[PDB]
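For reference, protein_10.cif (mmCIF, N, CA and C atoms (P, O5', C5', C4', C3', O3' and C1' of nucleotides)):
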```
data_structure
loop_
_atom_site.label_atom_id
_atom_site.label_comp_id
_atom_site.auth_asym_id
_atom_site.auth_seq_id
_atom_site.Cartn_x
_atom_site.Cartn_y
_atom_site.Cartn_z
N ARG L 378 -43.93 129.29 166.38
CA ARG L 378 -43.99 128.04 167.13
C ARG L 378 -45.15 127.20 166.59
N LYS L 379 -44.88 126.43 165.52
CA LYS L 379 -45.87 125.59 164.86
C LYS L 379 -46.75 124.83 165.86
N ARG L 380 -48.07 124.92 165.64
CA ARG L 380 -49.10 124.27 166.43
C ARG L 380 -48.81 122.77 166.51
N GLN L 381 -48.90 122.21 167.72
CA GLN L 381 -48.64 120.80 167.95
C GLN L 381 -49.81 119.94 167.47
N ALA L 382 -49.53 118.96 166.61
CA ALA L 382 -50.53 118.01 166.11
C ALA L 382 -50.46 116.84 167.09
N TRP L 383 -51.60 116.33 167.59
CA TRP L 383 -51.52 115.22 168.54
C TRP L 383 -50.93 113.97 167.87
N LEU L 384 -50.10 113.24 168.62
CA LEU L 384 -49.46 112.00 168.19
C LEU L 384 -50.11 110.83 168.92
N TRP L 385 -49.84 109.59 168.48
CA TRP L 385 -50.39 108.41 169.15
C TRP L 385 -49.95 108.31 170.59
N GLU L 386 -48.89 109.00 171.01
CA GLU L 386 -48.54 108.91 172.42
C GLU L 386 -49.71 109.48 173.21
N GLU L 387 -50.10 110.71 172.87
CA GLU L 387 -51.21 111.41 173.48
C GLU L 387 -52.55 110.71 173.16
N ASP L 388 -52.86 110.51 171.87
CA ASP L 388 -54.11 109.89 171.43
C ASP L 388 -54.29 108.45 171.91
N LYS L 389 -53.26 107.61 171.82
CA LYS L 389 -53.36 106.22 172.25
C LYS L 389 -53.52 106.21 173.77
N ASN L 390 -52.76 107.06 174.48
CA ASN L 390 -52.87 107.19 175.93
C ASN L 390 -54.28 107.64 176.31
N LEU L 391 -54.84 108.61 175.57
CA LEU L 391 -56.17 109.14 175.78
C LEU L 391 -57.20 108.02 175.60
N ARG L 392 -57.10 107.25 174.51
CA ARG L 392 -58.00 106.13 174.24
C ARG L 392 -57.98 105.16 175.42
N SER L 393 -56.78 104.84 175.93
CA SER L 393 -56.65 104.00 177.11
C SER L 393 -57.42 104.66 178.25
N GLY L 394 -57.16 105.94 178.52
CA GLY L 394 -57.82 106.71 179.57
C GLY L 394 -59.34 106.57 179.50
N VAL L 395 -59.92 106.76 178.31
CA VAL L 395 -61.35 106.66 178.06
C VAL L 395 -61.86 105.27 178.47
N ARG L 396 -61.15 104.21 178.08
CA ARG L 396 -61.57 102.84 178.39
C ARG L 396 -61.37 102.46 179.87
N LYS L 397 -60.26 102.87 180.49
CA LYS L 397 -59.94 102.52 181.87
C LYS L 397 -60.66 103.38 182.91
N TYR L 398 -60.94 104.66 182.61
CA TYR L 398 -61.56 105.58 183.57
C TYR L 398 -62.79 106.32 183.04
N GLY L 399 -63.38 105.87 181.93
CA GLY L 399 -64.57 106.48 181.36
C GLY L 399 -64.23 107.68 180.47
N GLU L 400 -65.07 107.91 179.45
CA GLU L 400 -64.94 108.97 178.46
C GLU L 400 -64.93 110.36 179.11
N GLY L 401 -66.10 110.84 179.54
CA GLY L 401 -66.30 112.14 180.18
C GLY L 401 -65.76 112.19 181.61
N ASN L 402 -64.46 111.91 181.77
CA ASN L 402 -63.74 111.91 183.04
C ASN L 402 -62.30 112.34 182.77
N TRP L 403 -62.15 113.44 182.04
CA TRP L 403 -60.86 113.98 181.63
C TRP L 403 -59.99 114.33 182.84
N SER L 404 -60.61 114.70 183.97
CA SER L 404 -59.89 115.00 185.20
C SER L 404 -59.14 113.74 185.64
N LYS L 405 -59.88 112.63 185.80
CA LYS L 405 -59.31 111.35 186.19
C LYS L 405 -58.20 110.97 185.21
N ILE L 406 -58.48 111.04 183.90
CA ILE L 406 -57.50 110.71 182.87
C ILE L 406 -56.21 111.53 183.06
N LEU L 407 -56.32 112.85 183.27
CA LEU L 407 -55.18 113.74 183.48
C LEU L 407 -54.43 113.38 184.77
N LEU L 408 -55.13 112.95 185.81
CA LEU L 408 -54.49 112.58 187.07
C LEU L 408 -53.71 111.27 186.89
N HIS L 409 -54.37 110.25 186.34
CA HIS L 409 -53.77 108.94 186.11
C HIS L 409 -52.61 108.98 185.12
N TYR L 410 -52.85 109.51 183.91
CA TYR L 410 -51.86 109.57 182.84
C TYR L 410 -51.49 111.01 182.47
N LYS L 411 -50.20 111.23 182.19
CA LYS L 411 -49.63 112.52 181.80
C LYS L 411 -49.70 112.71 180.28
N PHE L 412 -49.56 113.97 179.87
CA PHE L 412 -49.56 114.46 178.50
C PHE L 412 -48.56 115.62 178.45
N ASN L 413 -48.29 116.17 177.26
CA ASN L 413 -47.36 117.28 177.09
C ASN L 413 -47.77 118.47 177.96
N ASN L 414 -48.91 119.09 177.63
CA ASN L 414 -49.46 120.23 178.35
C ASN L 414 -50.92 120.38 177.90
N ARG L 415 -51.77 119.47 178.37
CA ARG L 415 -53.19 119.42 178.02
C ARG L 415 -54.07 119.76 179.23
N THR L 416 -55.35 120.03 178.94
CA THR L 416 -56.39 120.37 179.89
C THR L 416 -57.64 119.55 179.57
N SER L 417 -58.66 119.67 180.42
CA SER L 417 -59.95 119.02 180.23
C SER L 417 -60.52 119.45 178.87
N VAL L 418 -60.42 120.76 178.57
CA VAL L 418 -60.87 121.35 177.32
C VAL L 418 -60.20 120.62 176.16
N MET L 419 -58.86 120.59 176.15
CA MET L 419 -58.10 119.92 175.09
C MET L 419 -58.56 118.48 174.90
N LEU L 420 -58.45 117.65 175.94
CA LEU L 420 -58.83 116.24 175.86
C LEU L 420 -60.23 116.04 175.31
N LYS L 421 -61.22 116.73 175.89
CA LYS L 421 -62.59 116.59 175.45
C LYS L 421 -62.76 117.03 173.99
N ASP L 422 -62.29 118.22 173.60
CA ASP L 422 -62.46 118.67 172.23
C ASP L 422 -61.74 117.75 171.24
N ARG L 423 -60.62 117.14 171.64
CA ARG L 423 -59.90 116.18 170.81
C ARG L 423 -60.82 114.98 170.57
N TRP L 424 -61.32 114.38 171.66
CA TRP L 424 -62.19 113.23 171.59
C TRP L 424 -63.50 113.57 170.86
N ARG L 425 -63.97 114.82 170.98
CA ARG L 425 -65.18 115.32 170.34
C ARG L 425 -65.01 115.21 168.82
N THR L 426 -63.98 115.87 168.27
CA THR L 426 -63.70 115.83 166.84
C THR L 426 -63.55 114.38 166.37
N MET L 427 -62.79 113.59 167.13
CA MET L 427 -62.55 112.20 166.83
C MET L 427 -63.87 111.44 166.68
N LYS L 428 -64.70 111.37 167.74
CA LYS L 428 -65.96 110.65 167.69
C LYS L 428 -66.94 111.22 166.66
N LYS L 429 -66.96 112.55 166.47
CA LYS L 429 -67.87 113.20 165.54
C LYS L 429 -67.76 112.60 164.13
N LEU L 430 -66.55 112.23 163.71
CA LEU L 430 -66.29 111.67 162.39
C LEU L 430 -66.08 110.16 162.39
N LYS L 431 -65.42 109.61 163.42
CA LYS L 431 -65.05 108.20 163.50
C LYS L 431 -65.96 107.34 164.39
N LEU L 432 -66.68 107.96 165.34
CA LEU L 432 -67.61 107.30 166.25
C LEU L 432 -66.98 106.18 167.09
N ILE L 433 -66.20 106.55 168.11
CA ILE L 433 -65.57 105.63 169.05
C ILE L 433 -65.82 106.16 170.47
N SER L 434 -66.01 105.23 171.41
CA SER L 434 -66.25 105.46 172.82
C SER L 434 -66.00 104.13 173.55
"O5'" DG R 1 -58.64 125.42 188.87
"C5'" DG R 1 -58.90 124.30 189.70
"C4'" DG R 1 -60.00 123.42 189.09
"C3'" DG R 1 -59.63 122.85 187.71
"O3'" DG R 1 -59.18 121.51 187.87
"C1'" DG R 1 -61.99 123.45 187.97
P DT R 2 -58.79 120.54 186.64
"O5'" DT R 2 -60.23 120.09 186.05
"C5'" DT R 2 -61.24 119.58 186.90
"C4'" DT R 2 -62.62 119.65 186.23
"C3'" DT R 2 -62.70 118.88 184.91
"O3'" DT R 2 -63.40 117.66 185.06
"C1'" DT R 2 -64.13 120.80 184.97
P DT R 3 -63.47 116.58 183.86
"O5'" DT R 3 -64.81 116.96 183.08
"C5'" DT R 3 -66.09 116.78 183.65
"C4'" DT R 3 -67.11 117.56 182.81
"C3'" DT R 3 -67.15 117.12 181.34
"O3'" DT R 3 -68.23 116.24 181.10
"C1'" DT R 3 -67.46 119.50 181.67
P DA R 4 -68.43 115.53 179.66
"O5'" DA R 4 -69.18 116.66 178.81
"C5'" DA R 4 -70.54 117.00 179.00
"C4'" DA R 4 -70.94 118.09 177.99
"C3'" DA R 4 -70.32 117.80 176.61
"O3'" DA R 4 -71.22 117.98 175.55
"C1'" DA R 4 -69.94 120.05 177.26
P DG R 5 -70.83 117.61 174.02
"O5'" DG R 5 -71.29 118.95 173.28
"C5'" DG R 5 -72.63 119.40 173.35
"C4'" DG R 5 -72.69 120.84 172.83
"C3'" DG R 5 -72.37 120.93 171.34
"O3'" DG R 5 -73.21 121.92 170.78
"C1'" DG R 5 -70.86 122.26 172.59
P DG R 6 -73.14 122.36 169.23
"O5'" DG R 6 -72.47 123.82 169.37
"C5'" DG R 6 -73.14 124.86 170.06
"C4'" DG R 6 -72.35 126.17 170.01
"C3'" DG R 6 -72.10 126.63 168.57
"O3'" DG R 6 -72.33 128.03 168.49
"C1'" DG R 6 -70.07 126.50 169.77
P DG R 7 -72.34 128.83 167.09
"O5'" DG R 7 -70.78 129.15 166.87
"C5'" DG R 7 -70.13 130.13 167.65
"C4'" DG R 7 -68.62 130.07 167.42
"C3'" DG R 7 -68.20 130.24 165.95
"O3'" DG R 7 -67.52 131.48 165.83
"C1'" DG R 7 -66.88 128.63 167.13
P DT R 8 -66.97 132.05 164.42
"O5'" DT R 8 -65.39 132.09 164.71
"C5'" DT R 8 -64.87 132.91 165.74
"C4'" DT R 8 -63.38 132.63 165.93
"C3'" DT R 8 -62.53 133.00 164.70
"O3'" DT R 8 -61.36 133.67 165.14
"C1'" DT R 8 -62.15 130.75 165.34
P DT R 9 -60.24 134.22 164.12
"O5'" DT R 9 -59.06 133.14 164.32
"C5'" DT R 9 -58.39 133.04 165.57
"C4'" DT R 9 -57.41 131.87 165.55
"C3'" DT R 9 -56.28 132.03 164.52
"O3'" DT R 9 -55.05 131.72 165.15
"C1'" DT R 9 -57.36 129.93 164.28
P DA R 10 -53.62 131.92 164.43
"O5'" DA R 10 -53.32 130.44 163.88
"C5'" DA R 10 -52.90 129.43 164.77
"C4'" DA R 10 -52.86 128.07 164.08
"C3'" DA R 10 -51.89 127.99 162.88
"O3'" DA R 10 -50.89 127.05 163.25
"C1'" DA R 10 -53.93 126.83 162.49
P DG R 11 -49.62 126.70 162.33
"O5'" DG R 11 -50.23 125.58 161.36
"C5'" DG R 11 -50.57 124.31 161.86
"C4'" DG R 11 -51.20 123.48 160.75
"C3'" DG R 11 -50.38 123.50 159.45
"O3'" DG R 11 -49.71 122.26 159.35
"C1'" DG R 11 -52.74 123.50 159.11
P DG R 12 -48.57 121.98 158.25
"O5'" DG R 12 -49.44 121.49 156.99
"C5'" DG R 12 -50.09 120.23 157.02
"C4'" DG R 12 -51.19 120.13 155.95
"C3'" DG R 12 -50.70 120.29 154.51
"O3'" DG R 12 -50.73 119.02 153.88
"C1'" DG R 12 -52.87 121.24 154.91
P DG R 13 -50.35 118.78 152.33
"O5'" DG R 13 -51.79 118.91 151.62
"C5'" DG R 13 -52.82 117.98 151.91
"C4'" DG R 13 -54.12 118.42 151.24
"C3'" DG R 13 -54.01 118.53 149.72
"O3'" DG R 13 -55.07 117.84 149.08
"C1'" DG R 13 -55.08 120.41 150.64
"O5'" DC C 1 -65.20 130.71 149.16
"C5'" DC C 1 -65.43 129.67 148.23
"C4'" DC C 1 -64.76 128.38 148.72
"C3'" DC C 1 -65.34 127.84 150.04
"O3'" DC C 1 -66.26 126.80 149.76
"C1'" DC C 1 -62.97 127.48 149.77
P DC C 2 -67.07 126.03 150.92
"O5'" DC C 2 -66.16 124.73 151.22
"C5'" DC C 2 -66.07 123.66 150.29
"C4'" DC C 2 -65.19 122.54 150.84
"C3'" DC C 2 -65.69 121.97 152.17
"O3'" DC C 2 -65.90 120.57 152.04
"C1'" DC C 2 -63.35 122.48 152.26
P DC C 3 -66.60 119.68 153.19
"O5'" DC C 3 -65.34 119.06 153.97
"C5'" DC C 3 -64.61 117.97 153.44
"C4'" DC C 3 -63.33 117.78 154.26
"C3'" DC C 3 -63.58 117.41 155.73
"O3'" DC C 3 -63.43 116.02 155.95
"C1'" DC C 3 -61.78 119.03 155.40
P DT C 4 -63.72 115.32 157.38
"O5'" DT C 4 -62.38 115.61 158.23
"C5'" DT C 4 -61.14 115.04 157.87
"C4'" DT C 4 -60.01 115.62 158.72
"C3'" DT C 4 -60.19 115.36 160.22
"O3'" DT C 4 -59.06 114.67 160.71
"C1'" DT C 4 -59.56 117.62 159.78
P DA C 5 -58.93 114.16 162.24
"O5'" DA C 5 -58.35 115.46 162.98
"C5'" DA C 5 -57.08 115.97 162.65
"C4'" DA C 5 -56.88 117.34 163.29
"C3'" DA C 5 -57.10 117.34 164.81
"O3'" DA C 5 -55.94 117.86 165.41
"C1'" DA C 5 -58.00 119.24 163.80
P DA C 6 -55.58 117.59 166.94
"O5'" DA C 6 -55.18 119.05 167.47
"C5'" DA C 6 -53.98 119.65 167.05
"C4'" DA C 6 -53.94 121.10 167.52
"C3'" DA C 6 -54.00 121.27 169.04
"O3'" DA C 6 -53.12 122.32 169.41
"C1'" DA C 6 -55.81 122.40 168.00
P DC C 7 -52.96 122.82 170.93
"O5'" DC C 7 -53.96 124.08 170.94
"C5'" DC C 7 -53.64 125.23 170.18
"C4'" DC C 7 -54.81 126.20 170.05
"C3'" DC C 7 -55.17 126.96 171.33
"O3'" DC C 7 -54.87 128.33 171.05
"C1'" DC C 7 -57.10 126.27 170.10
P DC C 8 -54.80 129.47 172.18
"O5'" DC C 8 -56.34 129.90 172.37
"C5'" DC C 8 -56.98 130.76 171.44
"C4'" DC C 8 -58.49 130.76 171.67
"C3'" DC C 8 -58.93 131.18 173.08
"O3'" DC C 8 -59.39 132.52 173.02
"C1'" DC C 8 -60.29 129.46 172.11
P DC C 9 -60.07 133.28 174.28
"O5'" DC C 9 -61.64 132.99 174.04
"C5'" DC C 9 -62.33 133.51 172.91
"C4'" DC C 9 -63.79 133.06 172.93
"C3'" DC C 9 -64.54 133.54 174.18
"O3'" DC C 9 -65.57 134.43 173.78
"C1'" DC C 9 -64.96 131.20 173.70
P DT C 10 -66.53 135.19 174.84
"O5'" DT C 10 -67.78 134.18 174.97
"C5'" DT C 10 -68.65 133.95 173.88
"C4'" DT C 10 -69.63 132.83 174.23
"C3'" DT C 10 -70.52 133.14 175.45
"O3'" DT C 10 -71.88 133.08 175.06
"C1'" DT C 10 -69.60 130.94 175.55
P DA C 11 -73.09 133.55 176.03
"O5'" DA C 11 -73.37 132.21 176.88
"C5'" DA C 11 -74.03 131.10 176.31
"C4'" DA C 11 -73.91 129.88 177.22
"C3'" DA C 11 -74.42 130.09 178.65
"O3'" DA C 11 -75.73 129.55 178.74
"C1'" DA C 11 -72.53 128.61 178.49
P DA C 12 -76.58 129.49 180.11
"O5'" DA C 12 -76.10 128.09 180.75
"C5'" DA C 12 -76.33 126.87 180.07
"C4'" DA C 12 -75.61 125.72 180.79
"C3'" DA C 12 -76.05 125.56 182.26
"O3'" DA C 12 -76.40 124.21 182.48
"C1'" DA C 12 -73.70 125.50 182.05
P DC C 13 -77.05 123.71 183.87
"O5'" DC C 13 -75.82 122.92 184.55
"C5'" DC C 13 -75.42 121.65 184.09
"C4'" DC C 13 -74.18 121.20 184.87
"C3'" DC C 13 -74.43 121.11 186.39
"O3'" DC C 13 -74.37 119.78 186.83
"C1'" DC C 13 -72.33 122.15 185.84
#
```
Please rewrite the model in this file as structure tokens.
Amino acid sequence: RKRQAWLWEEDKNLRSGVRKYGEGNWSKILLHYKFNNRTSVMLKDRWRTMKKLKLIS
DNA sequence: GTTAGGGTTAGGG
DNA sequence: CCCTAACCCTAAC
């Protein structure tokens, strides 16, 4: 079962989540907007890798 | 349960 | 063996 690579549905939705409900508020983001099967851990570590190299918030 | 960084597994090069 | 990245662990909140 090949590991799922995040798509813009998830990532673009996440970016919206960060802007509309704050970055470090993955709970709120998960409540407001749905994803395939993500957690606070997933969302945060995704955004972590992203900002670490690209620097967005 | 969530949050936050450390760190391994998966993926591709 | 390196980079980016999804998963997984340790630690703290």
- Query: Taking the file as shown, what set of residues would the PyMOL selection byres ((chain R) within 6.5 of (chain L)) give back, as a VMD selection string?
  - Reply: chain R and resid 2 to 4 10 to 11
How about saving the chosen residues, N, CA and C atoms (P, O5', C5', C4', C3', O3' and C1' of nucleotides) kept, as a compact mmCIF listing (two decimals), keeping the file's coordinate frame?
```txt
# COMPACT_ATOMS: atom_id res chain seq x y z
P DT R 2 -58.79 120.54 186.64
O5' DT R 2 -60.23 120.09 186.05
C5' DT R 2 -61.24 119.58 186.90
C4' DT R 2 -62.62 119.65 186.23
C3' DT R 2 -62.70 118.88 184.91
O3' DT R 2 -63.40 117.66 185.06
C1' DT R 2 -64.13 120.80 184.97
P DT R 3 -63.47 116.58 183.86
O5' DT R 3 -64.81 116.96 183.08
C5' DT R 3 -66.09 116.78 183.65
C4' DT R 3 -67.11 117.56 182.81
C3' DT R 3 -67.15 117.12 181.34
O3' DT R 3 -68.23 116.24 181.10
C1' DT R 3 -67.46 119.50 181.67
P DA R 4 -68.43 115.53 179.66
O5' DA R 4 -69.18 116.66 178.81
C5' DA R 4 -70.54 117.00 179.00
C4' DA R 4 -70.94 118.09 177.99
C3' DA R 4 -70.32 117.80 176.61
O3' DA R 4 -71.22 117.98 175.55
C1' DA R 4 -69.94 120.05 177.26
P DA R 10 -53.62 131.92 164.43
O5' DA R 10 -53.32 130.44 163.88
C5' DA R 10 -52.90 129.43 164.77
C4' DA R 10 -52.86 128.07 164.08
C3' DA R 10 -51.89 127.99 162.88
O3' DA R 10 -50.89 127.05 163.25
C1' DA R 10 -53.93 126.83 162.49
P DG R 11 -49.62 126.70 162.33
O5' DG R 11 -50.23 125.58 161.36
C5' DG R 11 -50.57 124.31 161.86
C4' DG R 11 -51.20 123.48 160.75
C3' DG R 11 -50.38 123.50 159.45
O3' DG R 11 -49.71 122.26 159.35
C1' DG R 11 -52.74 123.50 159.11
```
- Can you list what the PyMOL selection byres ((chain C) within 6.5 of (chain L)) grabs from this structure, as a list in words? residues 5, 6 and 7 of chain C
- Apply the PyMOL selection byres ((chain C and resi 10) around 8) to the file shown and report the selected residues as a PyMOL selection string. (chain R and resi 6-7) or (chain C and resi 8-9+11-12)
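When atom CA of residue 395 of chain L is paired with atom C1' of residue 8 of chain R, their separation reads 27.3 Å.
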- Message: To one decimal place in Å, what is the distance between atom C of residue 391 of chain L and atom C of residue 406 of chain L?
- Response: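 Rounded to one decimal, the two atoms are 8.3 Å apart.
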- Item | Expected answer as number ranges by chain: helix (DSSP H, G or I) residues in chain L | L: 385-398, 403-409, 417-431
- May I ask for the distance between atom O3' of residue 4 of chain C and atom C1' of residue 5 of chain R, given in Å to one decimal place? 18.4 Å
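For the set L:394, L:378, L:433, L:387, the residue with the smallest atom-to-atom gap to residue 408 of chain L is L:394, counting only C-alpha atoms.
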Centre and edge lengths, as lines of an AutoDock Vina configuration file, for the axis-aligned box enclosing every listed atom of chain R with 4 Å of padding on each of the six sides, in Å to one decimal?
```
center_x = -60.9
center_y = 124.9
center_z = 169.4
size_x = 32.6
size_y = 26.7
size_z = 48.6
```
